[PDB]
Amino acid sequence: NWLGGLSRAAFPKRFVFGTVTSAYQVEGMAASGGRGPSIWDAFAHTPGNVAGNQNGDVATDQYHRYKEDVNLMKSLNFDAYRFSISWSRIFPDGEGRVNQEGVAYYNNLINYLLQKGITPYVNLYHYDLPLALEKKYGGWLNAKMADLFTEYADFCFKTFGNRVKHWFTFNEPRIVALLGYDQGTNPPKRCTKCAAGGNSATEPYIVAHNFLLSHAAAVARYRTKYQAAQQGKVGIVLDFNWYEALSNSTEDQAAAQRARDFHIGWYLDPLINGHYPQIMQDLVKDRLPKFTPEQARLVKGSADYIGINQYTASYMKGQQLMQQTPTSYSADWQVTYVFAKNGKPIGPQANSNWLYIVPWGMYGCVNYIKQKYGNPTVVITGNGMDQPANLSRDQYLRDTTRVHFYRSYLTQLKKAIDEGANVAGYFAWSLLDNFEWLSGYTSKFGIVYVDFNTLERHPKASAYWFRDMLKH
């Protein structure tokens, strides 16, 4: 049967199923409703930065259509919705004056979700730093971000936390560090060779450190000021794609483990264990900032659950570890990526070149966190795949590859849960086709098709698959 034996009965009692969007990717009204610009508004409005010079000015216009979209997710039998608050929609300058119209939008959205029995899971940040903070403070290179983010978080807790009980601070800080400060392809476009300036060997580490310190400061504020009354939880969302040793050689096993540590351990060792991974300390040395004992104690245990965005897997080949002149966070890993073993590709690619369809990577990642980190509460906060541009409406709707994707990946997640992994929920990226960053509207991740000419929603086969799977 097309469900492959999956249903709510196949997952733990009270297991949460949801869909996910982010503010800039779906809201629209980017320069309206009092919203100030983010670093992504400036970036996307610069010719050449995004596919087709597209931007999020309108996106899916969820800002006007949110009741349609909430009705849809309820009709598809989801329990929860992960979305983000745009910092610059609340504080157009990132600090100071509150945009009451922006506050009203999120109140209306939260209230409608609750009215319809959908639990809000709310990210405070999803790549969309207020442009004013980038210009005034230098964004995530500045340790002052911990104060600025904490004050923003405090406002959100105060304003929405009587209703919102499930928060995340950040979304995929690794990707901000990597694309914004190593490769320099995402805002602020910093890197060693970059026009904007930068240093690919140092800045990614500074940025990650400031995300960890800012997360910890915001959670300390929640716990000391809001938790007693509100009795909610705050976590963080981290991307983790799987790394599998190419062979059982000591060298290849070491490489796959180094990759895991530089990818997920970079954040999870501080959050769970109060230190960076040993291998990062050993290889990155003076370029890796040091937590003081007090900071480490603030960071350790500061996530009530770990959000994991899981998409793909790679084979890793090793090499003898060498003394080398530092060049980048990426090069520091001293690994070699491989996408075939014994002449066979690890899996077929979705539209995005990086996204190999490898359902056993889901098991790999979840089992690994279970075994390495004392089985922390994990929520799969994003998982999905994309179709390419230029298909017909009907071609988008007949998304049989995505149906197969969800059935296979969820079977692998179930395998890990059945083996004892402490996974509390699962969220599909994305509810809607949306603005896919550098790919603009040329990458379609939704279980619901969005016609970007008319803005009409049409559920795809995968949406109906979820509806059938999730029926109560």
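Counting begins at 1, following the sequence as shown.
Across the two stretches, 249 to 257 and 304 to 312, the PDB entry reports the greater mean Cα temperature factor for 249 to 257. Comparing 278 to 286 with 352 to 360, the higher mean C-alpha B-factor in the PDB entry belongs to 278 to 286. The PDB entry assigns the greatest CA B-factor among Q324, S88, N383, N71 to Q324.
Of the candidates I236, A104, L271, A228, the PDB record gives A228 the highest C-alpha temperature factor. Sorting the modelled residues of the chain by their CA temperature factor places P37 in the middle third. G265: CA B factor in the lowest third of modelled residues in this chain (values from the PDB entry). Sorting the modelled residues of the chain by their CA temperature factor places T21 in the lowest third. In this PDB entry, the Cα temperature factor of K341 sits in the top third of its chain's modelled residues, the highest group.
Ranked by Cα temperature factor within the chain, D57 sits in the lowest third according to the deposited record.
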